[PDB]
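Undergrad: Quick one: this structure, given as structure tokens, is what I'll be asking you about.
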Amino acid sequence: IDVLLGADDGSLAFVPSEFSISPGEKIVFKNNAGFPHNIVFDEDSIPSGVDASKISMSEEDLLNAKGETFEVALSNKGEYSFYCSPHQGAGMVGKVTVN
Amino acid sequence: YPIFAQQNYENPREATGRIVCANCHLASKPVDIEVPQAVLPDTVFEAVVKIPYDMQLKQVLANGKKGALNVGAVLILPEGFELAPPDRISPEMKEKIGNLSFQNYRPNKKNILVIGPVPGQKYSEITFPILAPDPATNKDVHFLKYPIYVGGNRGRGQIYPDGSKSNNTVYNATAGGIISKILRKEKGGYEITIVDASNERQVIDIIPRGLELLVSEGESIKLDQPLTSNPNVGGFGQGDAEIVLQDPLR
Ligand code: HEC
Ligand SMILES: [Cu+2]
């Protein structure tokens, strides 16, 4: 599934922000508008036993050019809450469910 | 951020005179602005805004870790005044503005400029290159004293645009009673169980990571009593200046 970082009107949001995927399916986050952006998974809001360092960017890492992508495949089932560290207060947050 | 005010507030100054960043940026901290006493028509001048704060302060970042603060500001100029173009900006002034990108609050509002978030260690004082208008080429601009308003913020805000609180604010108890259990979570954060003996009701208040608790198990808490410390070290402030668009004669 492809998720845009920043809407086509410059809105600070993941498009889509809430979606479901099968285990092993890849999620391609691509820089679209309002960058720099990054994708960080909430360590306290993912399925138990999952290492957030294996599926997220570092809070200090950033995608600062249009078209830059970060790909990740989730296998454990459950809900995963993620966010953009610099725009988390903007409401640039999302949640993916692996079913 | 300056984009949250631009996205849902058509004008940044409210009828009370308060700038809309104070709706989410709740701590008050001083902001300063130095502007030349008078300027001539069609001349570039600099509006320097100061957003000072102790630089050894570390705020709670959106993931619980502590880090440095970022600065942002909104400059409200009179109609006719706008950001000076690049060909009119001197080289002694281009190194002063670093490499900041001043954006218009909205494409129709060319007299309201916003900048940030930018790192506070580098931009505690920002220089806005403004071009003074010309009354001979603008019939609504006159040689008069004009008000200039500025809003300066440093640190993460407390409320998001949907009304949700961030982890950079105080977490209050949603019910009075006695704390029967405090579950310290694996990756940080807490789960506090309050037994409201007066209403025979059990409520669980969840606290995010990056915040330390001020309560112990078996302690009696009142409704809205602060259960954690206030982790906000930033704040928003506003100031105003008066500029005289001067006639080149007398
Ligand atoms: C509520 C809708 C807000 C309005 C209006 C404004 N800001 Fe804001 N800002 C808000 C939040 C919740 C956050 C935190 C985002 C996060 O998760 O980190 C912010 C953050 C900033 C920052 C960056 C702080 C830092 O990283 O240290 C700055 C520089 C900032 N905000 C400035 C600012 C200004 C000047 C505004 C008025 C135009 C403004 N914000 C409005 C919430 C809200
Ligand atoms: Cu982002």
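Residue numbering for chain B follows Swiss-Prot, covering 36-285 in order.
Structure determined by solution NMR.
Heads up, the Cβ atoms here are built off N, Cα and C, so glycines get one too.
When I checked Swiss-Prot for this same protein, it listed these features:
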type	residues	note
BINDING	B:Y36, B:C56, B:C59, B:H60	heme binding site
Undergrad: Among all protein chains shown, how many Cβ atoms are found within 10 Å of the Cβ of B:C59 (heme binding site), not counting that one?
TA: 22
Undergrad: Is any of the binding-site residues B:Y36, B:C56, B:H60 near chain A, in the sense of a CB under 8 A from one of its CBs, and if so which?
TA: B:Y36
Undergrad: My understanding is the cutoff is Cβ-Cβ under 8 Å with a sequence separation of 6 or more in the same chain; which residues meet that for B:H60 (heme binding site)?
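TA: Correct list: B:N188, B:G190, B:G192, B:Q193, B:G269, B:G270, B:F271.
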Undergrad: Other than its own, how many Cβ atoms are within 10 Å of the Cβ belonging to B:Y36 (heme binding site)?
TA: 24
Undergrad: Per DSSP, B:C56 (heme binding site) is which: helix, strand or coil?
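TA: In three-state terms, B:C56 (heme binding site) counts as helix.
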